[PDB]
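Have a look at the structure below, then the notes.
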Number of protein chains: 2
Amino acid sequence: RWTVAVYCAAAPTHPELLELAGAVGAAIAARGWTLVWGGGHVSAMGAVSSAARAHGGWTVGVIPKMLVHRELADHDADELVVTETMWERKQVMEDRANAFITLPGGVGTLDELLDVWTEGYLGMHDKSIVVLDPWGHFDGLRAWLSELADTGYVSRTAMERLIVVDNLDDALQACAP
Amino acid sequence: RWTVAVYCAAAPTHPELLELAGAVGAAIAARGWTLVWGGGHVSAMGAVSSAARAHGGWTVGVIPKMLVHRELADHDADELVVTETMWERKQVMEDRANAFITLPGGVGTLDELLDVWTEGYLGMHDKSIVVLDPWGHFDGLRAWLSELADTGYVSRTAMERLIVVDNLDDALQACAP
Ligand SMILES: Nc1ncnc2c1ncn2[C@@H]1O[C@H](COP(=O)(O)O)[C@@H](O)[C@H]1O
Ligand SMILES: Nc1ncnc2c1ncn2[C@@H]1O[C@H](COP(=O)(O)O)[C@@H](O)[C@H]1O
């Protein structure tokens with residue numbers, strides 16, 4: 001039943017990120033939790049999903065038709081869903097998930113994070129939103145978001161909607177039912 | 001017929017931002033260009049629509065069923081498209097416009113911008129994506145994205161698609177057919 005969606009890089013392979021993603025996947029799978037992720041075998045997406053599979057967990061991949069070849073659709077997922085549009089991927093992911101973990105990534109990861117955060121802050125769902133950042137990948141973003149908060153562009157209840165942690169033990173504890 | 005979509009705040013309290021959204025509305029309309037916007041008649045959103053209408057410009061407003069009252073749908077929109085879902089708002093907004101201008105705003109504005117920018121560099125559209133930021137509102141975001149490019153998380157293709165200008169003049173020239 002309990003399902004966690006992990007959003008993470010689809011482009012670059014720094015080993016420390018693949019490590020983190022593989023640890024993440026294996027920890028999810030050990031709690032009898034399902035993995036939902038962008039359904040690609042590339043990069044951190046492949047590290048989290050393949051790890052979760054090899055450790056005994058259910059894996060659900062959600063990937064746009066247009067991105068099937070670029071991000072290597074994972075036909076090895078226990079269920080794979082190919083959405084007609086980019087927008088539908090995020091919708092489907094967010095609906096099947098109970099909680100969200102975001103790992104280091106770039107624009108794609110951030111957009112996925114923003115799409116669930118927004119829906120959260122607008123009060124459209126009651127699901128924990130976690131960022132796992134052991135080496136301050138997101139420092140620069142968070143310093144920015146704080147400025148916006150201080151200057152009245154992002155509300156206080158909106159910042160308190162983001163749980164940002166440095167360790168995998170806290171991310172999982174923040175994600176639990 | 002040429003259509004520019006403008007992303008800006010729907011939350012209120014910013015005087016310099018109101019004037020900027022007004023000048024933008026006015027500048028689009030006077031050029032014989034249609035305006036697309038989130039559909040609300042208050043704060044920045046209302047300032048861009050009423051300023052476009054006052055210069056005899058056609059205004060199209062796109063807004064989900066569940067935000068019609070929160071963000072106060074503009075009934076003086078020449079056309080109002082009320083979408084079934086959050087995601088459909090972005091879809092319709094991006095198909096309808098030939099270019100995009102993002103102005104200072106919060107999390108939703110940012111989401112809207114990352115949505116057209118990803119959709120862009122991943123090759124869904126070749127429409128130009130402008131952030132107009134005369135006061136360095138977006139400094140933090142950029143210095144950071146720049147850290148992400150220096151470490152391989154964001155490609156040089158993607159960065160170049162994000163046109164950032166410090167004045168309205170360059171903004172509209174970048175949006176011109
Ligand atoms: N607008 C979007 N809708 C759905 N998925 C997205 C969107 N933008 C980016 N992504 C995903 O974000 C990841 C890109 O990774 P990166 O840009 O390396 O963080 C990929 O899994 C993309 O499929
Ligand atoms: N997930 C989303 N997709 C499209 N538009 C959004 C989303 N979340 C917020 N918005 C809108 O972005 C605009 C600016 O909001 P903000 O900048 O958060 O004050 C508002 O019209 C929000 O309703």
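Each chain gets a letter, A, B and so on, in the order its sequence line appears, and its residues count up from 1. Computation of the quantities below employed the complete heavy-atom set of this structure, encompassing side-chain atoms and omitting hydrogens, waters and symmetry-equivalent molecules.
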May I ask you to name which of B:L141, B:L122, B:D139, B:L148 has the most heavy-atom pairs under 4.5 Å with chain A?
B:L141
Under 4.5 Å from any heavy atom of chain B - which part of A:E71:
neither
Side chain, backbone, both or neither of A:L113 within contact of chain B (heavy atoms, under 4.5 Å)
neither
Cut-off 4.5 Å, heavy atoms of chain B, and the answer for A:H14 is side chain
Identify the heavy atoms of A:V154 and B:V107 that sit nearest to each other, and give their distance.
CG2-N, 4.1 Å
Relative to chain A, which of B:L110, B:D115, B:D111 shows the most heavy atom pairs under 4.5 Å?
B:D111
Are any side-chain N or O atoms of B:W144 and backbone N or O atoms of A:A143, one a donor and one an acceptor, separated by less than 3.5 Å?
no
When the 4.5 angstrom heavy-atom criterion is applied to B:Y121 and chain A, the contacting part is side chain
Give the intermediate values and the outcome of side chain to side chain contact (heavy atoms under 4.5 Å, CB included) for residues A:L17 and B:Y153.
CA-CA 11 Å; A:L17 185 60; B:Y153 289 86; 3.9 Å; yes
Would B:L18 and B:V42 show up in the same hydrophobic cluster when neighbours are defined by side-chain heavy atoms closer than 4.5 Å?
no
Around atom NE2 of A:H41, are there more than 12 heavy atoms of other residues, nucleotides or ligands at under 6.0 Å?
no
So for atom CD, which belongs to A:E79, do other residues, nucleotides or ligands contribute more than 12 heavy atoms lying within a distance under 6.0 Å?
yes
Applying the side chain to side chain contact (heavy atoms under 4.5 Å, CB included) criterion to A:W87, which one of B:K90, B:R89, B:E88, B:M86 satisfies it?
B:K90
Of the listed residues (B:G108, B:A9, B:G106), which shares the most heavy-atom pairs with chain A below a 4.5 Å separation?
B:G106
Option that, when pairs with chain A are counted at under 4.5 Å, heavy atom only, ranks first among B:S155, B:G105, B:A11
B:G105
